[PDB]
Amino acid sequence: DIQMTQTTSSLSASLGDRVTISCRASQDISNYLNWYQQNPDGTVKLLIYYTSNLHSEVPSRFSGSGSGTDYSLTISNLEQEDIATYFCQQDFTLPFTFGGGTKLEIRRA
Amino acid sequence: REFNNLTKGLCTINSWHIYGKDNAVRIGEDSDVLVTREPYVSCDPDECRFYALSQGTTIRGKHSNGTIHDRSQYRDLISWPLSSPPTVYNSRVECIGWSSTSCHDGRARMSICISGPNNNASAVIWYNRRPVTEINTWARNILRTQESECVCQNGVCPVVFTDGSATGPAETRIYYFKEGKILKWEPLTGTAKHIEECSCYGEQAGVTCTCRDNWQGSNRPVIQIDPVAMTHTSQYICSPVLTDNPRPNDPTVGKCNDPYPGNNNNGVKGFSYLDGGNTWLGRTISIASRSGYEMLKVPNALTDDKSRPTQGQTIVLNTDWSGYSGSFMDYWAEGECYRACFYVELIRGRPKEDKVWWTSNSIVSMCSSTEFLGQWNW
Amino acid sequence: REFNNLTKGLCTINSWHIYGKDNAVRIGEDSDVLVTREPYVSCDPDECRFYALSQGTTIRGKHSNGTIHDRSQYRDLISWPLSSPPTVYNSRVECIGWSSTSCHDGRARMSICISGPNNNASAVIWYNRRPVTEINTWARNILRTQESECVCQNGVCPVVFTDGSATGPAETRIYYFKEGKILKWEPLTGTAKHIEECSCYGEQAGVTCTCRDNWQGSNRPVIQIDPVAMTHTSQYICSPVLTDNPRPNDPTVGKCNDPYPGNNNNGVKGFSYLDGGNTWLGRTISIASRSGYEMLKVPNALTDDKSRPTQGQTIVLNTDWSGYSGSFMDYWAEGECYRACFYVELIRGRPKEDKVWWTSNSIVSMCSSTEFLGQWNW
Amino acid sequence: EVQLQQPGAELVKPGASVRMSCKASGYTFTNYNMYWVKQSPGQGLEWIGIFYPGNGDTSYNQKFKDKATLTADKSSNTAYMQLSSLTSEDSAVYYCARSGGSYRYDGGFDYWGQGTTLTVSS
Ligand SMILES: CC(=O)N[C@H]1[C@H](O[C@H]2[C@H](O)[C@@H](NC(C)=O)CO[C@@H]2CO)O[C@H](CO)[C@@H](O[C@@H]2O[C@H](CO)[C@@H](O)[C@H](O[C@H]3O[C@H](CO)[C@@H](O)[C@H](O)[C@@H]3O[C@H]3O[C@H](CO)[C@@H](O)[C@H](O)[C@@H]3O[C@H]3O[C@H](CO)[C@@H](O)[C@H](O)[C@@H]3O)[C@@H]2O)[C@@H]1O
Ligand SMILES: CC(=O)N[C@H]1[C@H](O[C@H]2[C@H](O)[C@@H](NC(C)=O)CO[C@@H]2CO)O[C@H](CO)[C@@H](O[C@@H]2O[C@H](CO)[C@@H](O)[C@H](O[C@H]3O[C@H](CO)[C@@H](O)[C@H](O)[C@@H]3O[C@H]3O[C@H](CO)[C@@H](O)[C@H](O)[C@@H]3O[C@H]3O[C@H](CO)[C@@H](O)[C@H](O)[C@@H]3O)[C@@H]2O)[C@@H]1O
Ligand SMILES: *[C@@H]1O[C@H](CO)[C@@H](O)[C@H](O)[C@H]1NC(C)=O
Ligand SMILES: *[C@@H]1O[C@H](CO)[C@@H](O)[C@H](O)[C@H]1NC(C)=O
């Protein structure tokens, strides 16, 4: 395969803070990584393509950067509804491979 | 009748004008056109012709059912007038076999064609209407040669064979022939991990070739051959503009001395004119399938590691199927520098169009221009 | 092999004997004949041939559906033996393109063919089996040239192109080529308001041409070219015998220096031999559609304003469709004066016969006689 | 207004053959590759293949090449997919998606379908 990796499927946040998630590739994928958010029910949207570029309708707050093998998304002003399972995937070469995903959990009340 | 010598340079290639196109399939729907595949065009000091391996039947004939298979008793190397269809009353058979190469040396012409079972394949070098020498399989696993013209300096014509595995190592050899007879041969020498099907062109007393690394490479292996001292050298094209099909997507940086990773086990025959700054590369415009064709100006790509295109020109659209490409040049045209020509096999049938039981093709060829001519699609 | 020079006069043309006729459509109903249109015939010092732009398919073949369209990737200029059909096993392709001209200079032959999208059209002058020079669209709106033979004096062959609008002004240029290479070019000079498609003939060291004013004229624009000093001049034929199709009806008086009014926006290619008193003009016999053909003796029509016919000879009846006409001459036949020959494209299919989805043609050609031979229809 | 409309479910029987649909809306169907991707109950996302509708090319994932054939009815701008010989091990959810690239396998799957649930039962 091209091993796509996301370390562990869960993170917390106390609703308000900036959070970071990281994807690892098995080879230097030049910079062809993309980030996908699955809503609590079904619906997967596209947020970033080619490591840094945001899709059409995106919150100003979603960041992406990386080189070679390791690529991270940063969400800054964690507005609750953005809590879900994020996925990285590549298209340096096909087959396209996706990560495992990371669900985000919140902690406040 | 004097053995030609490479006395000239490449000219500044700024555009590409049409040279040939045979509308073979459209004629073949109502004419006695032969079923071919793998084509090339080559010249002799007063004539240029189209060449191809035929599958021994007409398109509209019932024995076309099954021509997706490309090695059998019935294939013959045929030559036919420039831009004619390969018609049953026209095509000249050259030799019997399923892999070939021909080049006129200056005095007369040589053509090699391989036939055989897969474990007992044979090459016979015909020079000028009679057979002269035979080669037998040194590595008993499909002996093949290039499927484009060879190039000849002073009686000596370098040509390249590979017998072995496609999926990992094989024994390829450079062979030098003068008037049919063998003069020597060499193993491959260089960093090129695997080479097979080589597009060669001769320019200022030496010949250079791009081949195919079917095993690992997405960048192309290169062999630069010196005909006079009979020596050679291999490497890869240094670019990020990857040209094999299938490839991975275009990288920021490239690999000069080792094959580029990602897509592996597969590939297409292709050409290039690497003349320093005057370098144009060609590729399919589709990452995964032989659809489309384009030529791109990528100055110094053989040496420069992060070489990206400064000019382009599209030949076939992504909507239209293409197939093998390769290079030829008319060494006998009057001039100071040679004019770079090339061809694209436009394949048509199986596998891509499963509603016909045949597989055949057309050809289109193009040569350099000094002017910035407008582009079209063919 | 010595560049021919126009050393002779026109002979007294009193009648017209048949020269060629290929019965193409009738053969083509059961033979592998190609679909063509726009034909001409030209000679080299030991052979004369028929020429035409093919539409890349046979008549009875399914890809003929749609050959009313006259510019596409699949058209090729073809030559074929005198009075043969353009058969798939016969016709020689000359070049790839949808507009052309060829003339043998004395040593070897030159042929120009234009290809392209309508905003990015290209001309490549092939001289003697290889391409030599390219021209790119100076005015990006369909670059076209004449569709008859060019004429050559001493290595220099004048030929005429027009790139621009049909419905009003365009930039036409005279070009002089010697052995493929360009020697100069000029804008049009003269009172001829618009010229396109030119029938040219060379006679006593100069060449003269009738063209088509598609915009306004019903009388024909004329260009008289001097090859040696490389100069030219335009005007109109002075007659009342109007020869373009469609025309208005025949006037009492005519216009020498401006185009004749009434019918405008449209026209056919045509020829004339204007040799003073020895002047014969040709036209369609139908005011509105390409039906019929006739030759008429109209002494001094280039200069005389109220010139009407003193002798005639009918070639095609009004009941039979005709199409483009133009001139050629065998400059290599043994003699004191040249013999004026001409052709008529006999078109057949769409638009006029809507019950077939194709469009193709035949040819018939004729040369002068000294005797008063009897007339027939072909 | 890219709508890849896909039914919520198909209820099937072991070994048979079902046929998926993905109704592409509000864009030029002939101009973009359609992509089919699987999400099995407790695993990450597996892409099955591609279909370019204006030329007809298709490409399949190594294992999937046996189970899925991709199809499309251009007049109804429906991409489709026939999986034959279904069983427990392939009770999952399937999606169609299109790349931003218009023929390029590049720029990522930009608009995604609903996701249709495959349940095999006796
Ligand atoms: C003389 C001249 O101007 N030449 C132009 C040419 O002009 C036409 C003119 O338009 C016509 N007349 C009128 C009145 O308009 C008449 O004809 C003349 C020509 O004589 O136009 C062409 C086309 O526009 C020009 O070619 C371009 O030149 C630039 C250099 O400035 C190149 O960058 C261009 O190539 C790239 O873009 C192509 C699309 O136009 C694209 O298909 C091609 O593959 C190149 O892009 C790939 O590589 C980039 C990095 O290397 C990458 O960023 C791209 O995203 C793209 O990569 C993707 O696609 C690849 C497959 O296509 C794939 O492998 C890869 O993995 C990735 O997915 C173009 O040649 C000419 O200069
Ligand atoms: C050597 C010889 O005698 N030649 C004759 C020729 O002889 C035949 C001979 O008959 C045969 N043998 C036997 C035993 O009989 C054997 O072959 C020989 C030839 O070798 O016969 C032809 C036909 O008769 C002669 O040609 C005529 O010559 C006269 C000159 O004296 C011309 O005027 C004639 O042309 C006009 O009449 C034609 C009909 O015959 C007509 O179709 C043509 O267009 C000419 O008429 C148009 O123009 C006139 C003014 O310019 C006008 O008044 C007319 O009304 C007509 O105009 C109308 O029609 C036009 C289209 O046709 C249209 O544009 C216009 O707007 C208007 O409506 C004829 O050539 C030969 O000399
Ligand atoms: C070709 O070049 C060689 C030098 O490599 C020279 O010796 C030979 O005589 C030349 N042959 C011809 C035809 O000029
Ligand atoms: C052709 O005529 C020119 C004069 O214009 C003359 O100089 C030239 O030598 C002649 N060529 C031949 C073949 O006679």
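We number chain B the same way Swiss-Prot does; the residues here are 83-460, in that order.
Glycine is no exception: its Cβ is also placed from the backbone N, Cα and C atoms.
Among the features that Swiss-Prot reports, active site, proton donor/acceptor is placed at B:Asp152, with the record citing sequence analysis. According to DSSP, B:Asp152 (active site, proton donor/acceptor) sits in a coil region rather than a helix or strand.
Per Swiss-Prot, the feature active site, nucleophile maps to B:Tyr406; the stated evidence is sequence analysis. In the three-state DSSP scheme, B:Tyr406 (active site, nucleophile) is classed as coil. For B:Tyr406 (active site, nucleophile), other Cβ atoms within 10 Å of its Cβ number 25.
For B:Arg119, B:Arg153, B:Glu278, B:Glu279, B:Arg294, B:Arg372, the entry in Swiss-Prot reads substrate binding site, with the evidence type sequence analysis. Its Cβ placed at the centre, B:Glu279 (substrate binding site) has 24 other Cβ atoms within 10 Å.
Under the heading Ca(2+) binding site, Swiss-Prot lists B:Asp295, B:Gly299, B:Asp326, B:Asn348, citing experimental evidence as support. According to DSSP, B:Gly299 (Ca(2+) binding site) sits in a coil region rather than a helix or strand. The 10 Å shell around the Cβ of B:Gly299 (Ca(2+) binding site) contains 27 further Cβ atoms across the protein chains shown.
The disulfide bond annotation in Swiss-Prot covers B:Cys93-B:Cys419 (among others). In the three-state DSSP classification, B:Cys93 (disulfide bond) falls within coil. All protein chains considered, the CB of B:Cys93 (disulfide bond) has 18 other CB atoms within 10 Å.
Sequence annotations record features per position, and here Swiss-Prot assigns disulfide bond to B:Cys125-B:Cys130 (among others). In this view, B:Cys130 (disulfide bond) is surrounded by 21 other Cβ atoms within 10 Å of its Cβ, with every protein chain counted.
The disulfide bond annotation in Swiss-Prot covers B:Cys177-B:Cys195 (among others) and is backed by experimental evidence. Mapped onto three states, the DSSP output places B:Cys195 (disulfide bond) in strand.
Annotation source Swiss-Prot lists disulfide bond at B:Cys185-B:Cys232 (among others). The Cβ neighbour count for B:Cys185 (disulfide bond), using a 10 Å radius over every protein chain in view, is 26.
Long-range Cβ neighbours of B:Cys234 (disulfide bond) (same chain, at least 6 residues apart, Cβ-Cβ under 8 Å): B:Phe85, B:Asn86, B:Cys185, B:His186, B:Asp187, B:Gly188, B:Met192, B:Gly284, B:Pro309. DSSP assigns B:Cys234 (disulfide bond) to coil in the three-state reduction, placing it in neither a helix nor a strand. Positions annotated as disulfide bond by Swiss-Prot: B:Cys234-B:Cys239 (among others).
Taking all protein chains in view, 33 other C-beta atoms sit within 10 angstroms of the C-beta of B:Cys280 (disulfide bond). Under the heading disulfide bond, Swiss-Prot lists B:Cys280-B:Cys293 (among others), citing experimental evidence as support.
Positions annotated as disulfide bond by Swiss-Prot, on the basis of experimental evidence: B:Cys282-B:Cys291 (among others). Taking Cβ-Cβ distances under 8 Å and a sequence separation of 6 or more, the neighbours of B:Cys282 (disulfide bond) in its chain are B:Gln228, B:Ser230, B:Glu231, B:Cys232, B:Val233, B:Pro240, B:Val242, B:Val289, B:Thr290, B:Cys291, B:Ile307, B:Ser409.
Marked as disulfide bond by Swiss-Prot on the basis of experimental evidence: B:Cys320-B:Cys338 (among others). In sequence order, B:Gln317, B:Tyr318, B:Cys320, B:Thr385, B:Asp387 make up the list of same-chain residues 6 or more apart from B:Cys338 (disulfide bond) whose Cβ falls under 8 Å from its Cβ.
Under the heading disulfide bond, Swiss-Prot lists B:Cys423-B:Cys449 (among others), citing experimental evidence as support. Around B:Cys423 (disulfide bond), the same-chain residues at least 6 positions away in sequence with a Cβ under 8 Å from its Cβ are B:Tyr101, B:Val123, B:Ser409, B:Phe410, B:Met411, B:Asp412, B:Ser447, B:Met448, B:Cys449, B:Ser450.
What Swiss-Prot records for B:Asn87 (among others) is N-linked glycosylation site, and it gives experimental evidence as the kind of evidence. Annotation note: B:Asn87 (N-linked glycosylation site) sits in a coil segment as assigned by DSSP.
Within 10 Å of the C-beta of B:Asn147 (N-linked glycosylation site) there are 11 other C-beta atoms, taking all protein chains into account. Annotation source Swiss-Prot lists N-linked glycosylation site at B:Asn147 (among others), citing experimental evidence.
The feature N-linked glycosylation site is assigned by Swiss-Prot to B:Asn202 (among others). The Cβ of B:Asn202 (N-linked glycosylation site) has 11 neighbouring Cβ atoms from other residues within 10 Å, across all protein chains displayed.
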Recorded positions clustered about B:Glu278 (substrate binding site) [Cα within 10 Å; pool: B:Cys239, B:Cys293, B:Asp295, B:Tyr406]: B:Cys293, B:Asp295
Fewest-neighbour residue among disulfide-bonded residues, criterion Cβ within 10 Å, set B:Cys195, B:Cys239, B:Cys293, B:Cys419, B:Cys449: B:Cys419
B:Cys130 (disulfide bond) to B:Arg119 (substrate binding site) - Cα separation in whole Å: 19
B:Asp152 (active site, proton donor/acceptor) versus recorded positions B:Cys195, B:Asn202, B:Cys280, B:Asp295 - nearest by Cα: B:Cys195
Proximal residue to B:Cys93 (disulfide bond) among recorded positions B:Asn147, B:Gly299, B:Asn348 (C-alpha distance): B:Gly299
Between B:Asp295 (Ca(2+) binding site) and B:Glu279 (substrate binding site), the C-alpha gap once rounded to whole angstrom: 9
Contacting recorded positions for ligand 3, chosen from B:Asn87, B:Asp152, B:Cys177, B:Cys423 when the Cβ sits under 6 angstroms of any of its atoms: B:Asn87
Rounded inter-Cα distance in Å - B:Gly299 (Ca(2+) binding site), B:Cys293 (disulfide bond): 11
Rounded inter-Cα distance in Å - B:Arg372 (substrate binding site), B:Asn87 (N-linked glycosylation site): 36
Assigned conformation of B:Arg119 (substrate binding site) - DSSP reduced to three states: strand
B:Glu279 (substrate binding site) versus B:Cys419 (disulfide bond) - Cα distance in angstrom: 26
